[PDB]
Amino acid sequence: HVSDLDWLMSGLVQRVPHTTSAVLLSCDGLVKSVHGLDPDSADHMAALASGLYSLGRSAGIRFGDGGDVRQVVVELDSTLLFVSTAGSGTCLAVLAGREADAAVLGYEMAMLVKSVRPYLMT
């Protein structure tokens, strides 16, 4: 039931200026909901985010008490890509410029994950 949360993706994008896109994806890399990207950009974003999350989790296993990933952040020249878990089987990927308030983005991404939860429990 996570396939129709485009409104939750935009609720996030609309609530933190300088964010451009939010994609909610299965950890195998498939788009479930999205705001801000066209169909092709989203498939691509979801492939990247899931690879980042899986390498992130593997580093935790191979180096640090198998600790869960809190977040992966890619810093590009002109923007940032944030990837965190969004519940079992699921990931949230957000593109935001450096002028984005990262405290506010943190609160918003955390809130989004808790709201997604009832749709994973169907």
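Numbering starts at 1 and runs along the sequence shown.
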note = Once average C-alpha B-factors are taken from the entry for 21 to 29 and 97 to 105, the winner is 97 to 105
task = Decide which of the stretches 63 to 71 and 41 to 49 has the higher mean C-alpha B-factor, going by the entry.
result = 63 to 71
request  = Can you work out whether the C-alpha temperature factor of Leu5 puts it in the lowest, middle or highest third of the chain?
outcome  = middle
note = For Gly56, the third of its chain by CA B-factor is the lowest
